[PDB]
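What follows is a short report on a single structure.
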Number of protein chains: 2
Amino acid sequence: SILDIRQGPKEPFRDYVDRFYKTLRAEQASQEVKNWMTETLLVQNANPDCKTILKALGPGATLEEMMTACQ
Amino acid sequence: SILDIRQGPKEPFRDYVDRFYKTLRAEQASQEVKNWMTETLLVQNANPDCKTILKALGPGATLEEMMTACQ
C-alpha cells in the first residue's frame with residue numbers, strides 16, 4: 001500500500017511526503033524501516049522531474065535535502 | 001544502491017532476486033527491512049512484465065509466490 005503512494009504530476013513534493021509518511025505511520029513502520037523507505041521508495045515513487053532530481057542528489061540525502069531539491 | 005538493482009528485460013526473476021538480496025546483505029539489512037523491501041522495492045524494480053504480474057498478485061505475496069508468478 002505504500003507502493004501506491006505516488007507523487008502526482010502537479011503535486012508539490014511536500015504534500016506527497018505528508019501522504020507517504022502518513023501511510024508508513026498507519027502501517028506501524030519502525031524508524032529503521034522509515035529510514036530505508038526514505039532513501040528508496042520515497043525517491044522511486046516521486047514524479048518524473050523530482051525522481052530525476054532525487055537520483056542526482058544521490059543516496060544518503062536526508063529528507064530535508066530532498067525537500068530542498070524538489071521545491 | 002539497492003535502488004540501482006533493477007531486473008533486466010531478459011533477466012530471469014530468480015537471478016534478479018539473487019542480486020537484490022546479495023545487495024541487501026552487503027548493506028546489512030535487518031530481517032524487518034528485508035521483509036519491507038521484498039513487498040516494495042523488489043516489486044517496483046522488477047521488469048515491466050514481472051512488475052505487472054507482481055502488482056496483480058498483490059501485497060503480502062511471499063517471495064515464494066512472487067517467484068512462482070514471474071517464472
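Quick note on naming: the chains in the C-alpha cells go A, B, ... in the order shown, residues restart at 1 in each chain, and ligands are numbered from 1 in order of appearance.
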Exercise answer, chain B residues close to chain A, 8 Å and only C-alpha atoms, as a PyMOL selection string: chain B and resi 1-3+32-33+36+40-41+44+59
Enumerate the residues of chain B with a DSSP assignment of alpha helix (DSSP H), computed from the backbone, and present them as a short mmCIF file (atom, residue, chain, number, x, y, z; two decimals) with C-alpha atoms, in the first residue's frame.
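This went into result-v3.cif:
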data_model
loop_
_atom_site.label_atom_id
_atom_site.label_comp_id
_atom_site.auth_asym_id
_atom_site.auth_seq_id
_atom_site.Cartn_x
_atom_site.Cartn_y
_atom_site.Cartn_z
CA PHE B 13 13.35 -13.30 -11.98
CA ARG B 14 15.41 -15.71 -9.87
CA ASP B 15 18.67 -14.08 -10.98
CA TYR B 16 17.37 -10.61 -10.11
CA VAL B 17 16.26 -11.94 -6.68
CA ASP B 18 19.83 -13.28 -6.16
CA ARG B 19 21.34 -9.81 -6.90
CA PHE B 20 18.65 -7.96 -4.84
CA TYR B 21 19.19 -9.87 -1.60
CA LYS B 22 23.00 -10.00 -2.16
CA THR B 23 22.90 -6.20 -2.14
CA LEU B 24 20.68 -6.11 0.98
CA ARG B 25 23.12 -8.48 2.69
CA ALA B 26 26.07 -6.21 1.84
CA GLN B 31 15.08 -9.03 8.68
CA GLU B 32 12.43 -6.39 9.22
CA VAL B 33 13.89 -4.24 6.42
CA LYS B 34 14.29 -7.30 4.25
CA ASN B 35 10.57 -8.09 4.63
CA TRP B 36 9.60 -4.50 3.71
CA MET B 37 11.97 -4.38 0.66
CA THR B 38 10.55 -7.67 -0.62
CA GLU B 39 6.99 -6.25 -0.60
CA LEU B 41 11.24 -2.26 -3.89
CA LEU B 42 11.61 -5.89 -5.17
CA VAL B 43 8.29 -5.39 -6.99
CA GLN B 44 8.94 -1.77 -8.05
CA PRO B 48 7.67 -4.38 -16.92
CA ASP B 49 6.00 -7.79 -17.36
CA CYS B 50 7.06 -9.15 -13.96
CA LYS B 51 6.22 -5.89 -12.18
CA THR B 52 2.73 -6.10 -13.74
CA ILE B 53 2.32 -9.73 -12.53
CA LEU B 54 3.62 -8.94 -9.02
CA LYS B 55 1.22 -5.99 -8.68
CA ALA B 56 -1.64 -8.25 -9.71
CA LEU B 57 -0.54 -10.77 -7.09
CA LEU B 63 8.80 -14.33 -2.16
CA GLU B 64 7.95 -17.97 -2.99
CA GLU B 65 4.73 -16.83 -4.58
CA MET B 66 6.41 -13.94 -6.44
CA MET B 67 8.94 -16.37 -7.88
CA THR B 68 6.18 -18.76 -9.00
CA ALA B 69 4.27 -15.85 -10.59
#
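The interatomic distance for the pair CA of residue 70 (chain A) and CA of residue 47 (chain A) works out to 9.9 Å.
The coordinates place CA of residue 5 (chain B) at 28.1 Å from CA of residue 10 (chain A).
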